[PDB]
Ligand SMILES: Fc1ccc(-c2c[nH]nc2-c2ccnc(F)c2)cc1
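Before any questions on binding or motion, here is one chain by itself as structure tokens, the form deposited without the named molecule.
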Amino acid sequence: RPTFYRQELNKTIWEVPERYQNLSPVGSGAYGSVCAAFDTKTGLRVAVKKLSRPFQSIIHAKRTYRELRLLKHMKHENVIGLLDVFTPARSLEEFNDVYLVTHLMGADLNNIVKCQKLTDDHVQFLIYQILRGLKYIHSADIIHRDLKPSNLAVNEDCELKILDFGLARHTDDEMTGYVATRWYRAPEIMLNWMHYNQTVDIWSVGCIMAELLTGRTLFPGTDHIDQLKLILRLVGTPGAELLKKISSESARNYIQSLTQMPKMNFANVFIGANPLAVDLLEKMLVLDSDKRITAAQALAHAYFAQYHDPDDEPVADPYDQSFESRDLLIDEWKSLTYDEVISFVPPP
């Protein structure tokens, strides 16, 4: 057990092993806060997330267990991995705080798409890495659900990691209006159409790819309805085959009220794009989620010929998500979490 030292940072008490030096706040939110620090043991610049009251409710306790499980499992070049996890607590009785340590990310993909001039080769490499990371996440039946530029860490070498930097609740207010929180969402998830699957993430990748190509938000709707309209205008209104799959009668009924519209010519939307980019976009941005290209399928697409390597695009180890269907008490979620903290083994 290392020695821990205390330090207040924005009215938060931080109690961290001594190996973590020079803590500087980089983000705050209802679910936690993050600091940059220097890890004297590895020489790495790190991010350290302190979870805010991780066991105050059942939903909180399960969310803390969930993140930990996720993070302990992710071992891929293009996905955030866990360097360390710690608590000041000496026992389960003491246990009330959880800190997570990952590699520090300077820039997100936002601090790239704005002003920084992107070649088609850069778009190729960036999206390739997103897809390579997604293949791995989806192989474990893990769905990101919230892919967007701010959830993608990118270094000076254009190397990329998927993460989820959400410190916030994800409320109705947060999904409302002219907001980037909603711009990358698959329609079926944005509007609660049906039970969704992992292709929600492919929709997001399409929105991201478009924006990288044009330097502009693909669907910057001023609200849910306006956004739907932006979408339908590009990809066309649904036919009867798709309407059947909208299991929400009220959703179905509204979407039938709309003037029918054909799918547009993408060559005329993405003027001057590599035709292979255009092609790939048309296969990502399909209304019917059963017919979207998958991550595995898209890696083999001609657009990525320069990067694609089937012997170096690995799948995940099996991920037991049976806890998700389980009904536990706070104390039980907490002991589960405690066990996972105790048993962490750092990477090589």
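Here the rigid core means the biggest group of C-alpha atoms that line up within 1.5 Å when the two forms are laid on top of each other. Residues carry their position along the shown sequence, with the first being 1.
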Would residue 208 be found without coordinates in at least a third of the other compared entries?
no
For the other entries of this protein included in the comparison (both sides of the residue modelled), is residue 168 absent in a third of them or more?
yes
Higher-B stretch (mean Cα B-factor, as the entry records it), 141-149 or 101-109
101-109
With respect to the recorded C-alpha B factors, which stretch has the higher mean value, 110-118 or 239-247?
110-118
Which one of 64, 40, 52, 297 shows the top CA temperature factor in the record?
52
For the CA B factor values reported in this entry, which option in 263, 135, 216, 169 has the top one?
169
Looking at the temperature factor on the CA atom of residue 20, which third of the chain's modelled residues does it land in?
lowest
Among the chain's modelled residues, which third holds the C-alpha B-factor of residue 293?
lowest
What third of its chain, lowest, middle or highest, does the C-alpha temperature factor of residue 191 fall into?
highest
Quick check on the deposited entry: does the C-alpha B-factor of residue 178 sit in the lowest, middle or highest third of its chain?
middle
Classify residue 308 as lowest, middle or highest third according to the C-alpha B-factor given in the PDB entry, relative to its own chain.
middle
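Another form exists, solved in complex with the named molecule; not displayed. Remarks below refer to it.
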Backbone and C-beta atoms within 2.4 Å of 3 or more ligand atoms means blocked; with that in mind, superpose the named molecule from its pose in the deposited bound form onto this chain and give open or blocked.
blocked
If the cut-off is 4.5 angstroms on heavy atoms, which of these, 89, 242, 276, 269, is the one near the named molecule in the deposited bound form?
242
Exactly one of 295, 61, 287, 280 comes within 4.5 Å of the named molecule in the deposited bound form through a heavy atom, and that residue is 287
Residues 228, 238 and 255 are flagged as a possible site; in the deposited bound form, is every one of them within 4.5 Å of the named molecule by some non-hydrogen atom?
yes
Even though the named molecule is not shown here, does residue 234 get within 4.5 Å of it in the deposited bound form, heavy atoms only?
no
I'd like to know whether residue 187 contacts the named molecule in the deposited bound form, with contact meaning heavy atoms within 4.5 angstroms.
yes
So in the deposited bound form, is the named molecule close enough to residue 193 to count as touching (4.5 Å, heavy atoms)?
yes
Contact of residue 246 with the named molecule in the deposited bound form (heavy atom, 4.5 Å)
yes
To test your reading of the superposition: with the rigid core aligned, which of 83, 209, 246, 152 moves its Cα by 2 angstroms or more between the shown form and the other one?
246
